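For this one, two forms of the same chain are given in structure tokens, first as structure 1 and then as structure 2.
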Structure 1
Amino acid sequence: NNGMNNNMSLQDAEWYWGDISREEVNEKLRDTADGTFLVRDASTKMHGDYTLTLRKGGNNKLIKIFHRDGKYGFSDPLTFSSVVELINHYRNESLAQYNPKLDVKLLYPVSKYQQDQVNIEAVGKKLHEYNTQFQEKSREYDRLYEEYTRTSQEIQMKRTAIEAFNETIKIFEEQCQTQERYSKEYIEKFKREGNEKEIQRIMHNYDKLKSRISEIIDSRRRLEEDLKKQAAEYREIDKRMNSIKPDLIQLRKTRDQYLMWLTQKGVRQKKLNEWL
């Protein structure tokens, strides 16, 4: 380091973050490696308490620092002069010493200086630009979602219609089979009386049935083609949302970072929220 001692005060410490809540700590530690840590004030707002959050096993473990007679420690006895000394001692020595089941060391600080990589009028205009882009992307996104939901409902309706068509065509095919089976012993009756007109009016009904079943098959085929096209559009809409999502998330993060940096700088929120 630089000061090689406790000269790096609590404000100077990269891992100390001051006043943050559970949610922001969980946001910063999400999907991080084992040993990622940051120190924040205790949520109950007493001076000098402090709480350490450590990543292990995919879970955020919460360790409370004690403070008695000017000493600090994870438990009794308290042997460290500050919290910088304790954090350094456990940055160089594993935490398994304090408790064997925490076989990990303090590896990766969450630096508060690492967020400064990316003139109040200038930053205000930049925040306005970022917010405008975020709003545009957001309205595009939820109109895409509405289109997608309606498309899904139409797809479900058309699939049910396909199944209904299948049942109807099966029923008509069994009706044709029954007609064919019944034609065996009764078709030879109108060949001795000399009335071919009876066979003609017999065949009229069979022809009508065949025409109707062919028409139903045609309707089923047309609706299946429409279903194929609509499913293709459904896939296209899903692709477009998948494209839209990550840029929107990153842009929202950038806007929030700018807003937090400008708010901590010391400006009253009346000038910020008026421009939305």
Structure 2
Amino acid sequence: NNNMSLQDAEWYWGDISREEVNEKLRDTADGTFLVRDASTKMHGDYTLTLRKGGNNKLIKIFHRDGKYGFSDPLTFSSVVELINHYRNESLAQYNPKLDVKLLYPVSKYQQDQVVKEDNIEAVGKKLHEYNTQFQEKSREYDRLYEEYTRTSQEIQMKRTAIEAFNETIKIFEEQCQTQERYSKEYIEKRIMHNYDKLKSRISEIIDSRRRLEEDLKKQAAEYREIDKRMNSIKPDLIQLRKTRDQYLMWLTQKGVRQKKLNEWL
């Protein structure tokens, strides 16, 4: 009535590791919480994890001679009775620095509704289809990332060669300015052949740098465009990973062993 079974409660998730519960409370609203069996794996601990202030808190539920509570006054009888008391009353009584109460419980029943096809006939076949899609997409993304890294090296190499061509022009232009000063003594009265060659070499180099500038521009666009495809593929890889692991998590409790998964993967 006021104390139900923990097994049928929605916030109580049973036995999950710390890394498996950080994802559940990741980027969530402040005040969300869930109760799990303690990592130390005794009986009756039921550590409570709470998301307050942008980080995940942990609270241990002490238990002595059939009672439960946070501090040493073990007034509350059952775990369900204790939590339901702090959903309607803020934790400020327990600690002044703890303000936000247990507002939004993380529930496992809604995630059960998320899964289609509770019958075993479709769970096995759907998992293979999702894994094939996930493996194909993962291979596609690894190919794009390798290509994207390659184009990063080319534009970096091409950009430096652009800097060298800018400096070579500067040296040649500086050398030409010396000729303008030095040719005064002769124009007032060979040199003509020498000057034509210098102008010819600079003009060709100007074209060579300009062709490098155009080539970098084309390479830069491809570097950007493929970075658009890579950024678009990733969200689809995110959704497929969640559903594939969801089916595996649902299927792994039917009596199979981890060695089967290791060989399959």
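Counting starts at 1 and follows the sequence of structure 1. In this text, the rigid core denotes the largest set of C-alpha atoms whose superposition between the two forms falls within 1.5 Å.
- Here the rigid core is superposed between structures 1 and 2, and of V267, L10, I20, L259 the C-alpha of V267 is the only one to shift by 2 Å or more.
- For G124, the Cα shift between structures 1 and 2 is 1.1 Å when the rigid core is held fixed in the overlay.
- In the core-superposed comparison between structures 1 and 2, the CA atom of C176 travels 0.4 Å.
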